[PDB]
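Structural overview
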Amino acid sequence: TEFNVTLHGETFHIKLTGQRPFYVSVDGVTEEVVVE
Amino acid sequence: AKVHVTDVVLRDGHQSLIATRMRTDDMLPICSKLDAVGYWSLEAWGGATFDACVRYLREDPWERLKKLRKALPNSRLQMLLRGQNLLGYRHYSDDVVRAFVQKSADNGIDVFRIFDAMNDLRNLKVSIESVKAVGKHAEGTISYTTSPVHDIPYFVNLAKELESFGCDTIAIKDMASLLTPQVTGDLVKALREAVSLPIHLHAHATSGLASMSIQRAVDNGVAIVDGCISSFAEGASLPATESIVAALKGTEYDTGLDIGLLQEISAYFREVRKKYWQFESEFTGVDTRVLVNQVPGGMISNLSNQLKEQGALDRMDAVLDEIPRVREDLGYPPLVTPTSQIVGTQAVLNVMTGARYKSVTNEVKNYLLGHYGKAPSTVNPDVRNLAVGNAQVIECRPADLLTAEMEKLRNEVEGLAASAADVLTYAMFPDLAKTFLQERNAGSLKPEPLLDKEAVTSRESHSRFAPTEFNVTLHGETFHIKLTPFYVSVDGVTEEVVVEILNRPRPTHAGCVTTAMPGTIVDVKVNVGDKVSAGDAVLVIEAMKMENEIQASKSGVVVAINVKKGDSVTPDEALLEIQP
Amino acid sequence: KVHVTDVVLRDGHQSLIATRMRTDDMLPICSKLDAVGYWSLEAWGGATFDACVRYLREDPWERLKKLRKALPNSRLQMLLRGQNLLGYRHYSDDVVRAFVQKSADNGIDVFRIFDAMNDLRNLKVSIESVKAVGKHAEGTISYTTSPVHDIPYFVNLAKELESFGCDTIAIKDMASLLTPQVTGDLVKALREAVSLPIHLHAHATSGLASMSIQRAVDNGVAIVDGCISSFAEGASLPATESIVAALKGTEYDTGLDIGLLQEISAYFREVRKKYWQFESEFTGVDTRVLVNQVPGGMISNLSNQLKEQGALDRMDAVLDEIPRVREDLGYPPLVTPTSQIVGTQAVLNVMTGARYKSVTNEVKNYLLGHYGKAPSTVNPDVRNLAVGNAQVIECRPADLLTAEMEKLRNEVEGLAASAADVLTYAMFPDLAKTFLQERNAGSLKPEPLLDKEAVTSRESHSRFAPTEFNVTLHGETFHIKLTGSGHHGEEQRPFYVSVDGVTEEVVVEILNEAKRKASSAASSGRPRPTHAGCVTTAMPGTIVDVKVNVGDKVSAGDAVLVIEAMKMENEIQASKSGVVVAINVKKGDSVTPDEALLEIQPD
Amino acid sequence: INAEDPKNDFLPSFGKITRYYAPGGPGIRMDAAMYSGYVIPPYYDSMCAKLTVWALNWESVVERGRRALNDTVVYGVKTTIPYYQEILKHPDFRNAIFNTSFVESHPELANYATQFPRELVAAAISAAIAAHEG
Ligand SMILES: *C(=O)CCCC[C@@H]1SC[C@@H]2NC(=O)N[C@@H]21
Ligand SMILES: [Mn+2]
Ligand SMILES: [Mn+2]
């Protein structure tokens, strides 16, 4: 869950929670995602 | 000094490039010109034509000879005869050889090129005596090849014998294009010292060396050379007649020949050949592989077609690998008719069978039992056994064992054969000739017709081109369409549709005049070569219920005009051109 | 001993498939090309620069880079048209110098430099620039025939070319005009007059090129051009293999592995099939050059010209007018560009009913000295009719050209990523702009290659297929009438379409059984074998004899049937021992290998 | 609103515009070449739209400028928007005294914070879901 994603020169600290929607924290900034 | 030239168009040419399928009807129109060139002789009859005329064209080959004789009065006609093998694939009894030569001579033939696959000259002697007997020209033929056993002296020795039999000329027949120019110089030298006779070179072009080979030959005193008219020349055929003539103009060897007349004839044949598109083969070009599989030019477009009919063209590469292996098995015979069909067919069997000599043609068996003659080298004993078992190899001239059968044959065909020629036709291929003679007398012959190069293709073949889904750009918008009355999906929205049916260069130049809107031409206000300034009324068009005048983008000269009054135009078309 | 250059990667496909060969079809076989002992490989130059850009939508500088990397051991050879470079006009000296510099830098080792008119003033800068960069300069006599050309004329040009500092001299017979007799004398007379090795490049169209090569190697020619056999002959050059085979054993033996060559030839044989759409209507030996010296392929563009105009019936006239115009313009060699020039002017004169009443602008420039020195003196009455009293320049036409390199670079600031991009621009600015633009946008779209079987379906139903429709839906019917092409470049090809007499351009972009092998019966109706006792042939033919009746006891190996197949008889024998149950064949019948001809019950 | 990239000496940025939401509400006028999905041909100029902002006075306009530039949402191609926001930020400009040299005389205007693309954040998240599910 507590990932570090290095994409294209940058790294991003990710922390997930949970057609149904995750809530997701990018560098301590949480918002709703939906996958389908 | 002066070199004489024989053309082979009417026989070897189409035999080598379109599977011997040329009709006589496509030969006669250009005969008066062929007759007018100074050809030494024309190769008109013989080889595979006899078979092909009957089997496929459903014409009587005796008729072709009659017609060609009548249409080529001044030229001497030449045939190719395979010694005892005649125009078949096996030896014939002496009385049939004699009768054949008699009839061929009677009906037209002047020169007889006589060769034997094995080079076993015992097999030619009856033919040569019979040709001499009838007072005609006997050209005895060394059928050239290469193997550990063959060399120049071997060939000159055969030439000497052939002179001793009483031949008027000696012929070198390089059926598979195995001569290198170096060898050809030495060989013709060594032949000019050993024989007093004029020499005839016949060099197929498959390897690329035939034209170089001819040069060396003429340098070393060769008298007569074969070429093919340019439309049927090169590759599996022979060097272009014109190219020879051009390469000797000015020299001490100058052939007196009118290269423009030749070109006219070449152009005629170029047109004819298009009819025969269906017999053209991928395998008729320059191929230096021939120097080893040794398949002869006259053979390969026929072999290729033969594999096509069986659905087995994809197997050629295999067959050509198998060929030289079977040739070695049989003691390195020269690969000419009939040895080349024999080896080739056996090779084909082996490939298809997935096993060497599991199946064995009867003619291979006869080969192994000494019935075609003496194999120049020794035959594989295990192959002989597999094929022929413990059985015995004869060592005499195989026709010695053949009872005279002419009278026997006439009786067998009483009530079919309209003539002695019909009896000799029977003799070549009885089974086949019977059905032919029958069908002919009943007016019921049906030649395989020649296919139309673009026949209208059936309604079922059109549909594999037609699209199910596609993108239509109409008025700035594009729309995704998928069809299945049709049912039709416009951007994923399916609607039933019903239909009722109702029964030029693009501009490269900025000077290329165009309409920006399609329509019909009312008037062209200009003729080619006019000088025009920008703004001049050049054309008029009807569009949108009106007529209106297109004017010149650029100043300068009208170079072309690709439009006339009445024509319908579209804006991608260039309607005239103008040079700035 | 003779060295051999192969031309497959340039002149080969240029001569036979309109220069359309992709670089992608060249690389897979490069390691083998590199392995043969080729003297050089002709990879770049001539029309390839144009074609790569115009049609393939590839950067020709890239092709050179890739080919250089994939052919490390072999020396790469280019064809350059002197001041004309790989383009349409003379170029300023600073661009020639820059071009040669970049060609050298990026791979080229040998530079074959020729000028259409043979006006050697036009070659000098190129040759000095090639020498300057430390590379091989092969100066080229571009052969022709006329009252003015004779052997000394050519040896004189060869001497000058030696004097300019050339490493080799090249005889370029573009139109296949050498006769073998002339080629022997000429090479002799050149070996006496010059100390340099000679390079023969003899196209095959007339049938004499192979004989011509023979006479050449006899008289001491050092290097010979051939093409790999799949692309050889006719409008191309003599087959590389055929040359190799004709010298094996001689004092001239080229050390070359003919089987390796054959492998490469086969590779190309396959490639070529993709390009069926560019094959020439006229293949092989075009002897016509040998009646009256009008290059074959000149007559095929001339006819292509007259057809489009509806005027083919005048060709006999035009070919009579051609040599008169060539003579009027002082017997220039008929190559591009001179051949277009002469041919079109001739067409004009015929159509006009008057000689030089109308005159092509390119003819005018020719007469004003703009292309160079005509080998013979031009007709003064023609010049005056065409050009009046005007300034026939008499200097080397680049003398009139201000250095343009700085000028061009500015013109292409913000497109050209590199000097090479600037030199590409220089060759064809209008075209190169759009190319550079499309490239930098990642938007290049090469013309796709057509599938042969698909195009032939659509064209046969093309006069037949309906256009005028009535389309009914949602109560409404709409009268539709289509026009124009959709079978020749249909993703590119737009219809024009009339909805109730209202015509709108449309564009379409495409996005794309009942046959039984399964059946017990063959096409004929005869059963396919059910089991292993069912007797079959392994190749079709006609039955000669059935050696057996409806019930017989048979042992394996017994002659059961005979067939003629491939004109040869074959006795089919019993696979299995036992009883003959059925026989589905009669004498005379034609049969195929999936048919079961008799049945036999085992044991 | 040209399709160029000011960071890279204003080099053209031709290609496809994947998403486009047009600016709106008061003071806003758009004159667009482009639209949603439009593919900018490379043969012509870079101008996808002219954005024209209006307010009752200098202070207000500038604010509305800043706004409308953000308000214009354009995915797929680099635009001059970010650059313009630098200009509108800069005090000499707000102060309303400037001449032709202003751009030249202020190269700093191209050295700006390039906010990280929402098209890249979506990938980084999707990779977190990929590594979390198998
Ligand atoms: C069927 O009749 C077609 C011709 C038969 C094969 C031909 S005959 C002459 C050539 N030589 C040879 O061995 N096969 C070829
Ligand atoms: Mn022959
Ligand atoms: Mn060339």
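Let's shift gears to the overall build of chain B. Regarding its fold elements, chain B presents 21 helices and 20 strands. Over its C-alpha atoms chain B spans a radius of gyration of 31 Å, topping by over 25% the 25 Å that the globule rule assigns to 580 residues.

In this complex, chain C contributes 80 residues to the contact, which on the side of chain B involves 86 residues. Element by element, the count of residues in the side of chain C that touches chain B is highest for strand β12 (residues 503-510) of chain C, at 8 residues. Residue classes in the side of chain C that touches chain B are distributed as 32 nonpolar, 28 polar and 20 charged. The pairing of strand β9 (residues 469-474) of chain B with β12 of chain C spans 5 bridges and is antiparallel. From the neighbouring strand, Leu474 of chain B faces β12 of chain C, where its bridge partner is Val506 of chain C.

We now examine the coordination of the manganese ion (ligand 2). Residue and element names in this part refer to chain B. At 1.9 to 2.8 Å from the manganese ion (ligand 2) lie its protein donor atoms, namely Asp12 (OD), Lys173 (NZ), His202 (NE2) and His204 (NE2). On the primary sequence, the residues serving as donors to the manganese ion (ligand 2) are separated as D-x160-K-x28-H-x1-H. Linking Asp12 in helix α1 (residues 9-17) with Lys173 in strand β6 (residues 169-174), this pair joins segments that are 161 residues apart in sequence. On the basis of relative accessible area, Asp12 is assigned to the buried category, the value being 2%.

Right, let's get into helix α13 (residues 297-309) of chain B. Residue and element names in this part refer to chain B. The terminal C-alpha atoms of α13 lie 19 Å apart, and with 13 residues this matches the ideal 18 Å at 1.5 Å per residue to within 8%. Of all 13 residues in α13, 11 are buried; the element is thus mostly enclosed. Those residues of α13 that sit buried are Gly297, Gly298, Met299, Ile300, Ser301, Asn302, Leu303, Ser304, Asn305, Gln306 and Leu307. For α13, the elements touching its buried residues are α1, α14 (316-329) and α15 (339-353). One or two positions beyond α13, positive phi appears at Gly311, with a value near 75°.

The calculated volume of the largest cavity comes to roughly 380 Å³. Elements with a contribution of two residues or more to the lining of the largest cavity: α1, α3 (49-55), α13 and α15 of chain B. Looking at the lining of the largest cavity element by element, the count peaks at 7 residues for α13 of chain B. Split by residue class, the lining of the largest cavity holds 11 nonpolar, 11 polar and 8 charged. Forming the boundary of the second largest cavity are 13 residues, of which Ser211 and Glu234 of chain B together with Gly207, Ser210 and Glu233 of chain C lie nearest the centre. The set of elements that each furnish at least two residues to the lining of the second largest cavity consists of α9 (210-219) of chain B together with α9 (209-218) of chain C. Tallied by class, the residues present in the lining of the second largest cavity amount to 7 nonpolar, 4 polar and 2 charged.

Before going further, it helps to examine the UniProt feature "binding site: Mn(2+) 1" (unreviewed entry) in chain B. Residue and element names in this part refer to chain B. Mapped onto this structure's residue numbering, the UniProt feature "binding site: Mn(2+) 1" (unreviewed entry) falls at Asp12 and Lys173. Taken along the chain, the residues just named run across 162 residues; in space they keep tight, none of their C-alpha pairs more than 12.1 Å apart. Lining the largest cavity, from this annotated set, are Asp12 and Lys173. Apart from residues no more than four positions distant in its own chain, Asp12 is found in contact with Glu43, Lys173, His202, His204, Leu238 and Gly298. A residue is classified by how much of its surface remains accessible, and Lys173, at 5% relative accessible area, is buried. With sequence-adjacent residues up to four places away left out, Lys173 is seen in contact with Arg11, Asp12, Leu80, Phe115, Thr141, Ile142, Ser143, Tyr144, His202 and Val336.

Let us look at the coordination of the manganese ion (ligand 3). Residues and elements named next belong to chain C. At the metal site, the manganese ion (ligand 3) is ligated by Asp11 (OD), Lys172 (NZ), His201 (NE2) and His203 (NE2), and these contacts range over 1.9 to 2.8 Å. Binding-site remark: the manganese ion (ligand 3) is held by donors from one chain whose sequence spacing is D-x160-K-x28-H-x1-H. Of this pair, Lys172 sits in strand β6 (residues 168-173) while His203 sits in the loop between β7 (198-202) and α9, and the two are 31 residues apart along the sequence. There is no split in this pair, since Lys172 and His203 are both buried.

Residue and element names in this part refer to chain C. As annotated in UniProt, the feature "binding site: Mn(2+) 1" (unreviewed entry) corresponds to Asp11 and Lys172 in the numbering used here. By secondary structure assignment, the location of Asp11 is in helix α1 (residues 8-16). Not counting chain neighbours up to four residues away, the residues in contact with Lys172 comprise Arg10, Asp11, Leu79, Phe114, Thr140, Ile141, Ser142, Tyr143 and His201.

All names here are of chain A. Strand order in the open sheet formed by 4 strands is β1-β2-β3-β4, with antiparallel pairing between adjacent strands. Every interior strand has two partners, whereas the edge strands, β1 (2-7) and β4 (30-32), have only one. Each adjacent strand pair in this sheet contributes to an overall mean axis angle of 30°, direction not counted. As judged from the 3 bridges shared by strand β3 (residues 23-26) and β4, these two strands associate in the antiparallel manner. If you follow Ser25 over to β4, its bridge partner there is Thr30.

To continue, consider the layout of surface pockets. One number sums up the size of the second largest pocket: a volume of about 1,600 Å³. Sorting elements by how many residues they give to the lining of the second largest pocket places helix α20 (residues 430-441) of chain B first, with 5 residues.

Here we take up the sheet that holds β7 of chain C. All names here are of chain C. Pairing within the closed barrel is parallel, and its 8 strands lie in the order β1-β2-β3-β4-β5-β6-β7-β8. Neighbour-to-neighbour, the strand axes of the sheet open up by a mean angle of 30°, direction not taken into account. In this structure, strand β1 (residues 3-6) lies alongside strand β8 (residues 223-226), joined through 4 bridges in parallel fashion. The partner of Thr5 across the bridge, within β8, is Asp225.

Counting residues in hydrophobic clusters, the biggest one holds 158 residues, and the most contacted among them are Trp45, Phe100, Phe112, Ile172 and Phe269 of chain B. Not counting chain neighbours up to four residues away, the residues in contact with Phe269 of chain B comprise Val9, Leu10, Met22, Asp26, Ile30, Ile229, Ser231 and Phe232 of chain B. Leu178, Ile198, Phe268 and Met405 of chain C belong to the second largest nonpolar core, which has 112 residues in total.

This next bit is on the pairing of strand β11 (residues 496-499) of chain C. Residue and element names in this part refer to chain C. The pairing of strand β10 (residues 476-483) with β11 spans 4 bridges and is antiparallel. Residue pairing across strands places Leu482 opposite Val497, the latter belonging to β11. The pairing of β11 with β12 spans 3 bridges and is antiparallel. Its bridge partner being in β12, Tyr496 is matched across the sheet by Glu505. Hairpin geometry of β11 and β12 is characterised by an intervening segment of 3 residues between the two adjacent antiparallel strands and by a positive phi of about 50° at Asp500.

About the cut-offs
- Residues numbered from 1 in each chain as written, not as in the entry; some residues may be left out.
- Chains lettered and ligands numbered in written order.
- Part of a larger assembly, values for the part shown.
- Heavy atoms only, no water.
- Residues with missing side-chain atoms left out of burial classes, pairs and counts.
- Helix = DSSP H or I, 4+ residues; strand = E, 2+ residues; numbered from the N terminus.
- Rg over C-alpha atoms; globule rule 2.2 N^0.38 Å.
- Contact = heavy atoms within 4.5 Å.
- Nonpolar A, V, L, I, M, F, W, Y, C, P; charged D, E, K, R; others polar.
- Pairing = 2+ DSSP bridges.
- Donors = N, O, S within 2.8 Å, 3.2 Å for Na, K, Ca; no water.
- Buried < 20%, exposed > 50% of the residue type's maximum accessible area, 1.4 Å probe, protein only.
- Expected span 1.5 Å × (residues − 1).
- 1 Å grid on protein atoms, 1.4 Å probe; cavity = no way out; pocket = protein on both sides within 12 Å on 5 of 7 lines; lining within 4 Å.
- Points joined across faces, edges and corners; volume = space filled by probe spheres on them.
- UniProt positions renumbered as here; feature names shortened; annotations may be inferred.
- Axes fitted to C-alpha atoms, helices over the stretch in contact; angles between N-to-C directions.
- Core = buried A, V, L, I, M, F, W, Y, C linked by side-chain atoms within 4.5 Å.

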